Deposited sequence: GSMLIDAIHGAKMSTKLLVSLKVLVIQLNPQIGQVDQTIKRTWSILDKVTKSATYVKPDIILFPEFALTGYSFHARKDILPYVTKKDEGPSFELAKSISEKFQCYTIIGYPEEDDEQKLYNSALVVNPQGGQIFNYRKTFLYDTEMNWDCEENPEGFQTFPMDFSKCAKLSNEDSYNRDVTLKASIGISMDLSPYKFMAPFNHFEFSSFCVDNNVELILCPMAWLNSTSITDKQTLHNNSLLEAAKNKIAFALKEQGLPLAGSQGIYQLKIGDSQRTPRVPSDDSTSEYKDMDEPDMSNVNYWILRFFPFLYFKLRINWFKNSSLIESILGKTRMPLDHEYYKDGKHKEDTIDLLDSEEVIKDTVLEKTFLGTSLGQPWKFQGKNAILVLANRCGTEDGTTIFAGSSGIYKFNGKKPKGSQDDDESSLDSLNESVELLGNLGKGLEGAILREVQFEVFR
């Protein structure tokens, strides 16, 4: 049974700096006020914030992050999300640094329902270099899905209003979750997006603190004080030339509330990575994010992969998580056994192909919401901003925004705090 859904999605893009939690909260309430006063404001069903949205990101030691960590149901990030959810009768998702009862630290994202109740807490699964500075743990559950009950968001195709309720299968992926494991696994594993396709996820939510490539990431540079000073001067100049303070822009809000302006499809080139034009998205990163969701993208070659059974061993052989992942610290060849083939094996994909069809996602819909922070930290790290909303339409070979099986419903700029609201329409099957 086809069910039509209409979701009002609001993404908040912030430039949080370490030690400014109260100020960031104040700016958040200011943004939300401005949003409600927009000409084409409508109430959101879901509000998504970035990774470590109120605290800043680049913590260099456990001691430095400890004053900002909280249990999943206490503290500033949780209280903010509960107040937002109660004021807008929506789901609210925010990234925050978490401590549990056993003194373990995580990079997490809590989910609050419209009743102000915490319904989920997701922990980052693939860690980035920065997390290793302060003793962050990998999510022992690996990637996860969860149900979100949306009220009055759905209809049958012959009905004239969205008066039905729908429970969507959702997944949160926090920034590095989208990358090859440790940047060492093969690029074409696409672990997170494969997991979402494997599990028939419908709503993908990604709080991020994702870098623009102007950032200094070269390890020899970071650890040679001479090279680092020279590199930092380069970033200093690039910000000064833009009329920006070194930390980047704060408190000047770009609002795209309820318009329908789409993001132009563009290929990556030498210039699309430049940290210029703060109100325009970083298309180098937009294209890369889209690429990391390859299993959701139409690709002609899959018919040949399927016809030749080229990926059967890859599909059968792939494990739920990387073998060295926290996940297996759970229990790790159906071709050579008397055990039958289970449904779950027939749901498995590699490169978007399953044992049963060339492209498993074909004819389906999924919504991707990316909330990426903006600004700069340490004089070395420039976040890409460019928060956006995307629809994978499942319709039947560019590996970027030119691929028309993804729809770019709208993006914020790379360098300004702000908010984007889009009504997103798609279908699910029930």
{"item": "Deposited positions lacking CA coordinates", "value": "1-14, 344-345, 349-352, 417-425"}
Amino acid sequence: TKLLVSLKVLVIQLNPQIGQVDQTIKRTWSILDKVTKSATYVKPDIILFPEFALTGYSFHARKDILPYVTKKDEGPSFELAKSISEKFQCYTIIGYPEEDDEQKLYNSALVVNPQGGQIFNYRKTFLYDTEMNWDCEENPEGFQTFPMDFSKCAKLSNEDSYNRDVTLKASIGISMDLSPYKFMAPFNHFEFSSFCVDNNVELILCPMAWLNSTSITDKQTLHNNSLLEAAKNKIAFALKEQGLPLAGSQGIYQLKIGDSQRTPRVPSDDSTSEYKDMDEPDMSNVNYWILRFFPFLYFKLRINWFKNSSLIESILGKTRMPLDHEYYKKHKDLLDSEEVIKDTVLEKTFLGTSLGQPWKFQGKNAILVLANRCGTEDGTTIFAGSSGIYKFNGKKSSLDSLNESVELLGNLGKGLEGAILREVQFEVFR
From here on, numbers count along this sequence of modelled residues.
property: Gap at residue 331 across at least one third of the other PDB entries; result: yes
property: Segment of higher mean CA temperature factor, 213-221 or 174-182; result: 213-221
property: Residue range whose averaged C-alpha B-factor is higher in the record, 150-158 or 320-328; result: 150-158
property: Out of 395, 391, 27, 373, highest CA B-factor residue; result: 395
property: Of the residues 164, 124, 234, 292, the one carrying the largest Cα B-factor as recorded; result: 164
property: For residue 191, the third of its chain into which the C-alpha B factor falls; result: lowest
property: CA B-factor placement of residue 90, once the chain's modelled residues are sorted into thirds; result: middle
property: Cα B factor band for residue 404 (lowest, middle or highest third within the chain); result: middle
property: Residue 134, C-alpha B-factor rank within chain (lowest, middle or highest third); result: middle
property: Among modelled residues of the same chain, the CA temperature factor third for residue 33; result: highest
